[PDB]
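**Q** Before I ask anything, let me first share the structure, which is written out below as structure tokens.
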Amino acid sequence: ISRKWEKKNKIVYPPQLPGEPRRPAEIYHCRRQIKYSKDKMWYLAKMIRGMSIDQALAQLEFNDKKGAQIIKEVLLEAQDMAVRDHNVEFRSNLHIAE
Amino acid sequence: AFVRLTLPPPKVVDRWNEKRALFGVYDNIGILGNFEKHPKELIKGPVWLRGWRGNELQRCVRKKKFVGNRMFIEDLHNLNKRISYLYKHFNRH
Amino acid sequence: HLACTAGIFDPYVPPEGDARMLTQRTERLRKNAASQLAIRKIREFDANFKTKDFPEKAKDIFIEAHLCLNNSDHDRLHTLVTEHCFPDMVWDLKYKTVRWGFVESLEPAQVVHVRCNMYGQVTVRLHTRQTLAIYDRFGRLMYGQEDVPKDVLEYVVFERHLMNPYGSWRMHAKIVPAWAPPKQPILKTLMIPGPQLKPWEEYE
Amino acid sequence: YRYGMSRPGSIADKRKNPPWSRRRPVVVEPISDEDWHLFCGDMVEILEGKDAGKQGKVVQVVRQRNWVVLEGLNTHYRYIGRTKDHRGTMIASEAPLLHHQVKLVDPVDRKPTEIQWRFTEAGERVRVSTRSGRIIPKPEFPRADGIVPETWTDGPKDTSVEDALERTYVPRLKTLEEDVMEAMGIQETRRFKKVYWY
Amino acid sequence: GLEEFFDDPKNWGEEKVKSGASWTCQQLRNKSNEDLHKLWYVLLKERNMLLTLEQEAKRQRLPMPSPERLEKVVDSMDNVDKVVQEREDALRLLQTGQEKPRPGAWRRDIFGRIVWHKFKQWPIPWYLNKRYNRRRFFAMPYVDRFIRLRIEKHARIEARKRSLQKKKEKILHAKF
Amino acid sequence: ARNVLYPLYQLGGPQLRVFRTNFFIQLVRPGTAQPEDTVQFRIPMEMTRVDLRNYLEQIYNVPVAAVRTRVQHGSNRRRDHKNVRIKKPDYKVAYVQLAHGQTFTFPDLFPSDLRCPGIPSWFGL
Amino acid sequence: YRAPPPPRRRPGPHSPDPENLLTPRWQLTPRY
Amino acid sequence: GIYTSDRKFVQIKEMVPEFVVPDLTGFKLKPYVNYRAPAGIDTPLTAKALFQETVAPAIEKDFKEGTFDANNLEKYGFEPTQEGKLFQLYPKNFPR
RNA sequence: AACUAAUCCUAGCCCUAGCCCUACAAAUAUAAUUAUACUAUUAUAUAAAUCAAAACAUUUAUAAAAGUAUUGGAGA
């Protein structure tokens with residue numbers, strides 16, 4: 001088994017100089033073991049690509065698939081750690097990059 | 001296939017150890033010893049092939065004669081069956 | 001096995017206006033009745049422990065330990081500080097890069113109060129200007145300024161294991177005087193959450 | 001089964017050596033009982049390690065791994081009490097030292113002197129230093145339960161000291177069963193009929 | 001009494017109960033024959049109470065206070081038996097010279113092995129005991145092949161033992 | 001006594017006496033509902049109810065009115081890591097009713113700053 | 001290293017012991 | 001007991017063991033011993049030791065007095081047979 | 001720097017040499033492993049064939065002299 005996605009979240013960038021733009025935050029979150037088909041989960045993943053944090057949460061809340069409920073929990077967990085550990089000042093200011 | 005991800009430790013071998021250094025000594029025992037002892041007499045190993053060589057069937061047959069009485073009953077029966085296959089292969093093909 | 005004991009045997013009470021402050025040195029002599037007998041106990045095992053000269057040795061440990069934070073020299077910092085102090089210094093610095101520097105001390109360091117199978121804790125008074133800037137995992141600056149000096153007065157407690165022949169003075173704890181101002185605030189903004197209630201429940 | 005700092009059969013040992021584990025065994029040079037000279041409570045000097053050159057008292061000996069454990073020496077740092085509410089407190093955790101990594105200390109002169117085993121007048125084996133020959137007495141170690149024999153106070157169901165030491169046996173040609181009969185006067189006049197053992 | 005099956009009411013709920021060392025063999029030997037018989041029951045009574053308490057602990061899913069107490073009693077009880085057995089053994093040897101309390105002899109089974117057969121007392125003799133005669137204490141002729149196999153098996157074990165040692169020797173060189 | 005050989009009896013033979021008893025018994029709180037005078041015991045499977053009656057009457061001087069004994073089968077369903085069935089030891093439960101009007105009841109055994117987060121409280125800076 | 005001594009055979013008459021089981025029959029014959 | 005004809009149980013009083021219970025009143029030996037109590041050096045009793053302790057003094061005294069003979073070996077404690085004793089050392093006929 | 005995966009070194013073996021060998025309780029041959037009577041109590045035939053003779057039939061091995069003479073559906 002490989003867990004390099006977590007290691008991507010452990011990456012620490014060098015201290016930015018005062019004359020350097022504020023680096024946009026990147027958060028890597030994953031759920032390794034889900035009793036669900038990846039293909040079915042991929043369909044949910046494909047649609048939500050590039051959407052905002054709030055928009056994705058709203059869409060998931062009214063989704064009927066079991067995987068969507070799992071994604072919402074994963075998404076909520078990612079948002080919590082992003083503010084808690086990745087210095088995300090605004091909860092709304094988040095979007096699904098990947 | 002896949003290969004090792006780690007290098008084996010380095011190993012150093014001494015080529016001048018007594019065994020290698022003295023390998024072959026007294027091989028001229030016969031010519032330098034008045035031929036009293038033949039170099040074949042210096043062979044140590046299985047009794048049936050000390051100073052003797054032959055084909056697989058001959059080696060097996062000689063082995064049976066030398067230690068047949070001192071061999072296990074199960075081994076002797078297996079050797080007898082093995083000899084049959086060797087005999088037919090060489091003597092009929 | 002413990003080479004240190006959490007907490008301070010007796011907490012020294014700082015007087016307001018000590019930052020403005022001979023004088024305070026005499027206060028130790030007045031309070032030496034409370035502390036000198038303790039000073040003798042450290043002297044008995046060592047005999048070279050003096051309140052006048054300890055701060056210089058104590059000051060180096062304090063600065064050096066802070067320097068290890070910049071380089072994350074955990075092994076070095078272990079020796080400088082006691083087991084209790086080590087987690088405090090580095091626990092909240094996880095996944096952070098900090099540039100820390102020590103500006104010239106505003107006033108000379110002086111031993112303030114000491115106490116003591118036997119563990120001796122020495123309170124030292126330090127007023128020093130320092131520069132601190134902590135950055136995020138991504139390098140974003142989150143606290144302090146890179147090269148701005150902040151003047152802070154604090155009382156620092158070092159500890160030593162008197163019984164052990166190799167026992168040495170290691171940084172143990174810091175006493176914060178009440179009159180000291182609050183530390184600089186974080187750049188980012190926090191939110192105090194409101195009460196969470198179940199559906200039938202009502203707001204409080 | 002690889003012997004570790006964890007006691008054999010413990011939960012840590014079970015995790016260390018699960019039933020399916022077939023790790024490459026670690027080979028430990030066999031040491032004879034006569035050869036072995038390190039015992040719990042012995043002051044020894046660490047030849048090599050984190051605290052090399054520091055003399056310490058042995059507290060645990062895993063002879064299977066030729067390991068000698070010195071309290072407060074060869075110490076790395078770990079956190080005790082790690083929990084959700086609190087980060088935890090750093091504490092001293094000892095690491096094992098191999099037999100060759102320590103040497104015994106001559107009492108009068110503190111040095112890592114090599115020793116040779118020799119008997120005494122009483123016959124008890126005692127280590128003798130190869131150089132500056134001297135007797136290293138066996139160190140005194142407290143009882144594992146922490147009970148000092150003399151200080152112990154008898155609790156319920158505990159025979160007093162004198163009662164245990166009293167001798168009442170009188171050599172006689174009677175078994176316990178026969179003796180019990182005489183004291184309690186059991187008498188049986190019936191007799192089993194002839195039995196053919198086979 | 002029923003109370004004897006249970007611990008002291010004060011001791012109930014305690015983490016442990018203070019108890020001393022177990023009886024050693026020599027002290028029991030010093031005690032008289034009658035004393036040893038009396039002691040065994042005294043040792044047994046505590047064991048039953050500790051066993052009685054332990055089972056209740058199992059029912060309640062609770063730990064047994066001072067579990068070493070049971071081990072100490074068993075050690076005392078075990079030491080008593082050997083001392084009593086030793087005295088019985090000594091007298092038996094003197095009066096009869098028999099090293100075993102029960103009659104026995106070495107007999108050959110049908111597999112060709114030699115095993116100690118303990119004689120059994122019967123109401124009838126062996127010759128009139130057809131079932132005992134029916135019992136087989138003789139080895140069949142075909143067991144000779146098995147005996148040869150047993151000798152060969154022992155030799156194979158030694159050969160395998162040398163192979164086991166050789167593999168261990170390899171790693172010693174690798175490790176050191 | 002258990003795991004021991006008892007002498008064979010013939011007509012006119014000696015009375016059987018056990019001077020030292022290897023039977024060990026455990027008093028257990030009733031799993032089922034039983035009369036208060038009734039007492040449950042976990043006893044070796046080789047012990048007879050008469051032996052228990054003699055055992056209680058002699059060793060413990062307990063008067064007994066009635067005795068009822070049952071054998072509980074030990075579950076063998078459990079299996080180890082090797083898939084080898086594990087058998088629970090079978091035990092015998094003895095229901096003993098006291099005499100002399102005595103009654104029994106099982107005893108009750110086992111009666112940084114929030115405003116400044118991310119900076120350790122150690123820092124005064 | 002120094003080479004091992006050259007092999008030397010036992011000289012002189014050697015009379016086999018008839019009772020010994022190991023000795024072969026041909027070594028006990030009058031021709032021998 | 002013994003089951004008679006018709007599969008009817010008939011208890012044999014002889015075959016039913018009688019528990020001989022020692023008198024534990026006043027007995028100082030208890031389940032445990034103090035940690036204060038020192039252990040004794042083990043000296044297991046053996047046939048030779050039992051003979052030395054019990055039989056040897058009697059024979060030694062008689063031999064010096066001259067009143068020793070093969071006929072009186074049983075006087076010193078020899079039992080020609082174990083039969084007749086409630087506890088027979090060999091064959092063992094008693095329960096522990 | 002990705003998931004699934006992959007990585008490793010000893011578990012031991014193999015062949016000769018050497019060496020022959022002569023080293024708990026409880027229950028049980030009844031129905032083995034059933035604490036005491038029943039009911040008397042018990043193994044082992046040329047080794048064959050397969051196979052070779054291209055089938056199959058007598059037949060077909062299992063230190064030098066020497067694979068020679070002899071023997072053989074003179075053929076394997």
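Residues are referred to by chain and number: the chain letter is A, B, ... according to the order shown in the structure tokens, the number counts from 1 in that chain, and ligands are numbered separately from 1 in the order shown.
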Set the distance at 9 Å and use only C-alpha atoms (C1' of nucleotides): which residues neighbour residue I:59 once local chain neighbours fewer than 6 positions away are removed? I'd like the list as a PDB file with N, CA, C and O atoms (P, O5', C5', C4', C3', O3' and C1' of nucleotides), in the first residue's frame.

**A**
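result-v8.pdb, freshly written:
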ATOM      1  P     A I  53      10.977 -53.475 -27.140  1.00  0.00           P
ATOM      2  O5'   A I  53      11.251 -54.926 -27.738  1.00  0.00           O
ATOM      3  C5'   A I  53      12.564 -55.327 -28.097  1.00  0.00           C
ATOM      4  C4'   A I  53      12.681 -56.828 -28.190  1.00  0.00           C
ATOM      5  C3'   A I  53      11.758 -57.511 -29.187  1.00  0.00           C
ATOM      6  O3'   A I  53      12.242 -57.448 -30.519  1.00  0.00           O
ATOM      7  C1'   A I  53      11.694 -58.670 -27.126  1.00  0.00           C
ATOM      8  P     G I  72      21.220 -72.443 -24.714  1.00  0.00           P
ATOM      9  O5'   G I  72      20.344 -71.137 -24.965  1.00  0.00           O
ATOM     10  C5'   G I  72      19.454 -70.655 -23.970  1.00  0.00           C
ATOM     11  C4'   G I  72      18.820 -69.350 -24.381  1.00  0.00           C
ATOM     12  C3'   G I  72      18.371 -69.256 -25.830  1.00  0.00           C
ATOM     13  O3'   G I  72      17.122 -69.882 -26.063  1.00  0.00           O
ATOM     14  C1'   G I  72      19.563 -67.301 -25.244  1.00  0.00           C
ATOM     15  P     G I  73      16.743 -70.414 -27.531  1.00  0.00           P
ATOM     16  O5'   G I  73      16.241 -69.109 -28.294  1.00  0.00           O
ATOM     17  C5'   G I  73      15.026 -68.475 -27.926  1.00  0.00           C
ATOM     18  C4'   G I  73      13.947 -68.712 -28.953  1.00  0.00           C
ATOM     19  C3'   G I  73      14.231 -68.187 -30.352  1.00  0.00           C
ATOM     20  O3'   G I  73      15.051 -69.055 -31.115  1.00  0.00           O
ATOM     21  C1'   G I  73      12.057 -67.537 -29.697  1.00  0.00           C
ATOM     22  P     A I  76      18.837 -59.060 -30.977  1.00  0.00           P
ATOM     23  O5'   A I  76      18.124 -58.498 -29.667  1.00  0.00           O
ATOM     24  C5'   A I  76      17.036 -57.592 -29.766  1.00  0.00           C
ATOM     25  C4'   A I  76      16.393 -57.338 -28.425  1.00  0.00           C
ATOM     26  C3'   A I  76      17.342 -57.118 -27.256  1.00  0.00           C
ATOM     27  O3'   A I  76      17.853 -55.799 -27.194  1.00  0.00           O
ATOM     28  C1'   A I  76      15.664 -58.658 -26.626  1.00  0.00           C
TER      29        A I  76
END

**Q** If we count only C-alpha atoms, which residues of chain B reach to within 8 Å of chain G? Please list them as a list in words.

**A**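 Here is what falls inside 8 Å: residues 18, 22, 25 and 26 of chain B.
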
**Q** List as a ChimeraX atom specification the protein and nucleic acid residues near residue D:48, meaning an atom at most 10 Å away when only C-alpha atoms (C1' of nucleotides) are counted, but skip any in the same chain fewer than 2 places from it.

**A** /D:45-46,50-54,74,97-98,100-102

**Q** Kindly give the distance, in Å, that separates atom CA of residue C:180 and atom CA of residue C:80, rounded to a single decimal.

**A** 25.3 Å

**Q** Give me the residues within 7 Å of residue F:28 as a PyMOL selection string, counting only C-alpha atoms (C1' of nucleotides) and dropping any in the same chain fewer than 2 places off.

**A** (chain E and resi 52+55-56) or (chain F and resi 26+30+40-42)

**Q** Could you list, as a short mmCIF file (atom, residue, chain, number, x, y, z; two decimals) with N, CA, C and O atoms, in the first residue's frame, every residue within 10 Å of residue D:58, counting only C-alpha atoms (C1' of nucleotides) and ignoring same-chain residues fewer than 4 positions away?

**A**
data_model
loop_
_atom_site.label_atom_id
_atom_site.label_comp_id
_atom_site.auth_asym_id
_atom_site.auth_seq_id
_atom_site.Cartn_x
_atom_site.Cartn_y
_atom_site.Cartn_z
N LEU D 38 27.72 -10.17 34.16
CA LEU D 38 26.90 -9.01 34.43
C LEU D 38 25.59 -9.44 35.09
O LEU D 38 24.89 -10.32 34.57
N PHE D 39 25.27 -8.83 36.22
CA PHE D 39 24.05 -9.14 36.96
C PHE D 39 23.38 -7.85 37.39
O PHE D 39 24.02 -6.80 37.50
N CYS D 40 22.07 -7.94 37.64
CA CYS D 40 21.32 -6.77 38.05
C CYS D 40 21.90 -6.19 39.34
O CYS D 40 22.23 -6.92 40.28
N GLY D 41 22.02 -4.86 39.38
CA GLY D 41 22.61 -4.18 40.50
C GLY D 41 24.11 -3.96 40.40
O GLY D 41 24.68 -3.27 41.26
N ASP D 42 24.76 -4.53 39.39
CA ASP D 42 26.20 -4.39 39.23
C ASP D 42 26.54 -3.02 38.64
O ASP D 42 25.94 -2.61 37.64
N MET D 43 27.49 -2.33 39.25
CA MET D 43 27.99 -1.09 38.69
C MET D 43 28.93 -1.40 37.53
O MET D 43 29.94 -2.09 37.70
N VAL D 44 28.59 -0.90 36.34
CA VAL D 44 29.36 -1.17 35.13
C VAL D 44 29.55 0.12 34.36
O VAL D 44 28.75 1.06 34.47
N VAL D 68 22.23 -5.69 28.57
CA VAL D 68 22.24 -5.18 29.93
C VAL D 68 21.62 -3.79 29.91
O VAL D 68 21.99 -2.95 29.09
N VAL D 69 20.66 -3.56 30.81
CA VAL D 69 19.90 -2.32 30.85
C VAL D 69 20.33 -1.54 32.08
O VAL D 69 20.28 -2.06 33.21
N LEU D 70 20.76 -0.30 31.87
CA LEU D 70 21.16 0.60 32.95
C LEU D 70 20.11 1.70 33.08
O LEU D 70 19.79 2.37 32.09
N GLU D 71 19.59 1.88 34.29
CA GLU D 71 18.57 2.89 34.51
C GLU D 71 19.17 4.29 34.41
O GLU D 71 20.20 4.58 35.03
N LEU D 73 20.55 5.61 31.80
CA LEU D 73 21.70 5.64 30.91
C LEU D 73 21.32 5.01 29.58
O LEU D 73 20.38 4.21 29.49
N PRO D 139 26.30 -7.59 44.16
CA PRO D 139 25.54 -6.44 44.67
C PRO D 139 24.23 -6.87 45.31
O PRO D 139 23.68 -7.94 45.03
#

**Q** Could you please tell me, as a PyMOL selection string, which residues of chain D have an atom within 7 Å of chain F when using only C-alpha atoms?

**A** chain D and resi 188+190-193

**Q** Restrict the distance test to only C-alpha atoms (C1' of nucleotides), flag each residue of chain B within 12 Å of chain I, and return the flagged residues as a count of residues only.

**A** 39

**Q** Please identify all residues of chain H having at least one atom at most 7 Å from any atom of chain E, considering only C-alpha atoms, and return them as a list in words.

**A**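 Residues passing the distance filter: residues 22, 23, 24, 29, 30, 31, 32, 33, 34, 35, 39, 40, 41, 42, 43, 44, 45, 46, 47, 50, 78, 79, 89, 90, 91 and 92 of chain H.
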
**Q** Output N, CA, C and O atoms of each residue in that selection to a file, as a compact mmCIF listing (two decimals), in the first residue's frame.

**A**
# COMPACT_ATOMS: atom_id res chain seq x y z
N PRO H 22 -8.93 -33.21 59.43
CA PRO H 22 -8.10 -32.91 60.60
C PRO H 22 -8.71 -31.80 61.44
O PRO H 22 -9.46 -30.95 60.96
N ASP H 23 -8.36 -31.81 62.72
CA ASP H 23 -8.78 -30.76 63.65
C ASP H 23 -7.84 -29.57 63.48
O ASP H 23 -6.67 -29.63 63.88
N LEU H 24 -8.35 -28.49 62.89
CA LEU H 24 -7.55 -27.30 62.62
C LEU H 24 -7.59 -26.29 63.76
O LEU H 24 -6.94 -25.24 63.67
N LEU H 29 -0.22 -23.64 61.74
CA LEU H 29 0.17 -23.65 60.34
C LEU H 29 -1.02 -23.20 59.49
O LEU H 29 -2.14 -23.70 59.65
N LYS H 30 -0.77 -22.25 58.59
CA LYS H 30 -1.81 -21.49 57.92
C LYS H 30 -1.55 -21.48 56.42
O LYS H 30 -0.53 -22.01 55.96
N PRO H 31 -2.45 -20.89 55.62
CA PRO H 31 -2.23 -20.89 54.16
C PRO H 31 -0.91 -20.27 53.74
O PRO H 31 -0.30 -20.75 52.78
N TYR H 32 -0.45 -19.22 54.42
CA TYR H 32 0.75 -18.51 54.03
C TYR H 32 1.74 -18.46 55.19
O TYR H 32 1.40 -18.71 56.35
N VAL H 33 2.99 -18.13 54.85
CA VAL H 33 4.04 -17.89 55.83
C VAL H 33 4.55 -16.47 55.62
O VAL H 33 4.50 -15.92 54.52
N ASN H 34 5.06 -15.87 56.70
CA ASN H 34 5.57 -14.51 56.61
C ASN H 34 6.77 -14.45 55.68
O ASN H 34 7.57 -15.39 55.59
N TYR H 35 6.90 -13.32 54.97
CA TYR H 35 8.16 -13.01 54.32
C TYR H 35 9.29 -12.89 55.34
O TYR H 35 10.46 -13.04 54.97
N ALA H 39 13.69 -19.36 54.73
CA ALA H 39 13.50 -20.69 54.18
C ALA H 39 14.55 -21.65 54.72
O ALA H 39 15.68 -21.26 55.02
N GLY H 40 14.16 -22.91 54.84
CA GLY H 40 15.08 -23.94 55.28
C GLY H 40 15.75 -24.65 54.11
O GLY H 40 15.18 -24.79 53.04
N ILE H 41 16.98 -25.11 54.35
CA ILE H 41 17.71 -25.83 53.32
C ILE H 41 17.05 -27.19 53.10
O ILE H 41 16.86 -27.96 54.04
N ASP H 42 16.72 -27.48 51.85
CA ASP H 42 15.96 -28.68 51.54
C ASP H 42 16.77 -29.93 51.86
O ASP H 42 17.91 -30.08 51.40
N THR H 43 16.19 -30.82 52.66
CA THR H 43 16.80 -32.10 53.01
C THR H 43 15.73 -33.18 52.86
O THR H 43 15.19 -33.68 53.85
N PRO H 44 15.40 -33.56 51.62
CA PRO H 44 14.35 -34.56 51.42
C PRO H 44 14.68 -35.87 52.11
O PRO H 44 15.83 -36.32 52.12
N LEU H 45 13.66 -36.48 52.70
CA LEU H 45 13.82 -37.76 53.37
C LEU H 45 13.85 -38.89 52.34
O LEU H 45 13.05 -38.93 51.41
N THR H 46 14.79 -39.81 52.52
CA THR H 46 14.97 -40.95 51.64
C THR H 46 15.06 -42.22 52.48
O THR H 46 15.15 -42.18 53.71
N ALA H 47 15.04 -43.37 51.79
CA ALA H 47 15.10 -44.64 52.49
C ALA H 47 16.36 -44.75 53.34
O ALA H 47 16.31 -45.20 54.49
N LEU H 50 15.93 -42.32 56.29
CA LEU H 50 14.99 -42.87 57.25
C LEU H 50 15.61 -44.03 58.02
O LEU H 50 15.44 -44.15 59.24
N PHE H 78 11.51 -54.11 59.95
CA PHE H 78 11.24 -54.74 58.66
C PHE H 78 9.83 -55.32 58.64
O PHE H 78 9.40 -55.97 59.59
N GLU H 79 9.11 -55.07 57.55
CA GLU H 79 7.79 -55.65 57.33
C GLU H 79 7.88 -56.68 56.22
O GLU H 79 8.08 -56.30 55.05
N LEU H 89 2.08 -49.69 51.61
CA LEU H 89 3.02 -48.94 50.79
C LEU H 89 3.11 -49.52 49.39
O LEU H 89 3.16 -48.78 48.40
N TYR H 90 3.14 -50.85 49.28
CA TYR H 90 3.16 -51.51 47.99
C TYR H 90 2.49 -52.87 48.12
O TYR H 90 2.89 -53.66 48.99
N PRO H 91 1.49 -53.18 47.28
CA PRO H 91 0.82 -52.31 46.30
C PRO H 91 0.01 -51.23 47.00
O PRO H 91 -0.58 -51.47 48.05
N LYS H 92 -0.04 -50.02 46.45
CA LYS H 92 -0.80 -48.95 47.08
C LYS H 92 -2.29 -49.29 47.08
O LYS H 92 -2.88 -49.52 46.02

**Q** For a test of reading the model, state the distance in Å between atom CA of residue B:53 and atom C1' of residue I:63, rounded to one decimal.

**A**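 Going from atom CA of residue B:53 over to atom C1' of residue I:63, I get 14.2 Å.
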
**Q** Just asking: which residues within stretch 33-187 of chain D are alpha helix (DSSP H) according to DSSP, as a list in words?

**A**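 After running DSSP on the backbone, stretch 33-187 of chain D has alpha helix (DSSP H) at residues 161, 162, 163, 164, 165, 176, 177, 178, 179, 180, 181, 182, 183 and 184 of chain D.
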
**Q** So that I have them on file, write out the residues from the current selection with N, CA and C atoms, as a PDB file, in the first residue's frame.

**A**
ATOM      1  N   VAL D 161       6.573 -16.160  62.446  1.00  0.00           N
ATOM      2  CA  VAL D 161       7.917 -16.598  62.076  1.00  0.00           C
ATOM      3  C   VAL D 161       8.299 -17.856  62.846  1.00  0.00           C
ATOM      4  N   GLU D 162       8.084 -17.848  64.163  1.00  0.00           N
ATOM      5  CA  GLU D 162       8.494 -18.985  64.981  1.00  0.00           C
ATOM      6  C   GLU D 162       7.746 -20.253  64.582  1.00  0.00           C
ATOM      7  N   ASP D 163       6.458 -20.131  64.255  1.00  0.00           N
ATOM      8  CA  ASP D 163       5.672 -21.311  63.910  1.00  0.00           C
ATOM      9  C   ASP D 163       6.251 -22.026  62.696  1.00  0.00           C
ATOM     10  N   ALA D 164       6.647 -21.269  61.671  1.00  0.00           N
ATOM     11  CA  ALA D 164       7.217 -21.886  60.478  1.00  0.00           C
ATOM     12  C   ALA D 164       8.532 -22.588  60.792  1.00  0.00           C
ATOM     13  N   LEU D 165       9.371 -21.972  61.626  1.00  0.00           N
ATOM     14  CA  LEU D 165      10.687 -22.529  61.918  1.00  0.00           C
ATOM     15  C   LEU D 165      10.639 -23.694  62.898  1.00  0.00           C
ATOM     16  N   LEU D 176       2.662 -40.653  57.040  1.00  0.00           N
ATOM     17  CA  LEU D 176       1.691 -39.652  57.467  1.00  0.00           C
ATOM     18  C   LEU D 176       0.324 -40.280  57.692  1.00  0.00           C
ATOM     19  N   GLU D 177      -0.104 -41.154  56.780  1.00  0.00           N
ATOM     20  CA  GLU D 177      -1.406 -41.793  56.930  1.00  0.00           C
ATOM     21  C   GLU D 177      -1.463 -42.620  58.208  1.00  0.00           C
ATOM     22  N   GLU D 178      -0.411 -43.395  58.481  1.00  0.00           N
ATOM     23  CA  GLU D 178      -0.367 -44.176  59.712  1.00  0.00           C
ATOM     24  C   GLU D 178      -0.303 -43.275  60.939  1.00  0.00           C
ATOM     25  N   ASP D 179       0.513 -42.219  60.884  1.00  0.00           N
ATOM     26  CA  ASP D 179       0.623 -41.312  62.022  1.00  0.00           C
ATOM     27  C   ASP D 179      -0.702 -40.616  62.302  1.00  0.00           C
ATOM     28  N   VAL D 180      -1.410 -40.201  61.250  1.00  0.00           N
ATOM     29  CA  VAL D 180      -2.708 -39.558  61.437  1.00  0.00           C
ATOM     30  C   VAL D 180      -3.665 -40.500  62.156  1.00  0.00           C
ATOM     31  N   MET D 181      -3.609 -41.792  61.826  1.00  0.00           N
ATOM     32  CA  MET D 181      -4.484 -42.760  62.481  1.00  0.00           C
ATOM     33  C   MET D 181      -4.228 -42.799  63.981  1.00  0.00           C
ATOM     34  N   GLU D 182      -2.955 -42.826  64.379  1.00  0.00           N
ATOM     35  CA  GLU D 182      -2.627 -42.908  65.798  1.00  0.00           C
ATOM     36  C   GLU D 182      -3.126 -41.683  66.552  1.00  0.00           C
ATOM     37  N   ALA D 183      -2.916 -40.491  65.991  1.00  0.00           N
ATOM     38  CA  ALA D 183      -3.341 -39.270  66.668  1.00  0.00           C
ATOM     39  C   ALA D 183      -4.858 -39.210  66.794  1.00  0.00           C
ATOM     40  N   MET D 184      -5.572 -39.522  65.714  1.00  0.00           N
ATOM     41  CA  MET D 184      -7.027 -39.478  65.704  1.00  0.00           C
ATOM     42  C   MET D 184      -7.664 -40.832  65.998  1.00  0.00           C
TER      43      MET D 184
END

**Q** Extract the full set of strand (DSSP E or B) residues from chain F according to DSSP on the backbone, and format it as JSON, numbers by chain.

**A** {"F": [17, 18, 26, 27, 28, 38, 39, 40, 41, 42, 43, 64, 65, 66, 67, 68, 69, 70, 71, 72, 79, 85, 91, 92, 93, 94, 95, 96, 97, 98]}

**Q** In Å, how far is it from atom CA of residue C:199 to atom CA of residue A:76?

**A**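 Separating atom CA of residue C:199 from atom CA of residue A:76 is a distance of 21.0 Å.
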